[PDB]
């Protein structure tokens, strides 16, 4: 088949869905029992069975899909915060690069789903690897999703104006990236510099 601009936007949107589920699971944002094991990208992953969250993510993912297609979304951020104070403790950032020319493409692009799938699987393994060094979240936390766009006027009303919600004193490590040939997704996670080691 190959890669079209719409095919790519679906891949990426869907990646974010699985990416978010894995963060919320691995970081204990929702209890581990509100998650279920499924097969995706050739491995076993955890996705929510919480009905509100399912609905919420379906809505986000459908919107990202639309924005990615139009090259209207540059950053997707998962902000993890102390439920009491609102202090940001951990902040996962995805940067999205777009080939705006892919709209002019007369053929799907040559990259095997397998190839893309190997890339995504590598990125997800990496996300899993973070449990082994991320500072413990030692208070109860919630999450929030932010996006960054250049096209502000066409953002649906349901999306509220926001700050970037940076951590004051942070450490950040770069994760692997993947590419469809049309969208490239860079990842990283930042977190508050620990009190002591």
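Numbering follows the first chain given and starts at 1.
Novice: Would 11-19 or 176-184 have the larger average of its C-alpha temperature factors, as given in the entry?
Specialist: Averaging CA B-factors over each stretch, the winner is 176-184.
Novice: I need to verify one thing: averaged over C-alpha atoms only, is the B-factor higher for 167-175 or for 154-162?
Specialist: According to the PDB entry, the answer is 154-162.
Novice: Could you say which of 130, 58, 39, 49 has its CA atom at the highest B factor, as listed in the PDB entry?
Specialist: Among 130, 58, 39, 49, the PDB entry lists the largest C-alpha B-factor for 39.
Novice: Comparing recorded Cα B-factors across 77, 123, 80, 98, which one is largest?
Specialist: Reading the PDB entry, the winner on C-alpha B-factor is 98.
Novice: How does residue 138 rank on Cα B-factor within its chain, lowest, middle or highest third?
Specialist: Residue 138: CA B-factor falls in the highest third of its chain.
Novice: Per the entry's values, where does residue 195 land by CA temperature factor relative to the rest of its chain, in the lowest, middle or highest third?
Specialist: Highest third - that is where residue 195 ends up once the chain's C-alpha B-factors are sorted.
Novice: Going by the recorded CA B-factors, say which third of the chain residue 35 sits in, lowest, middle or highest.
Specialist: Its C-alpha B-factor, which the entry lists for residue 35, ranks in the lowest third among residues of this chain.
Novice: Place residue 43 in the lowest, middle or highest third of its chain's C-alpha B-factors, as listed in the PDB entry.
Specialist: Residue 43: CA B-factor falls in the highest third of its chain.
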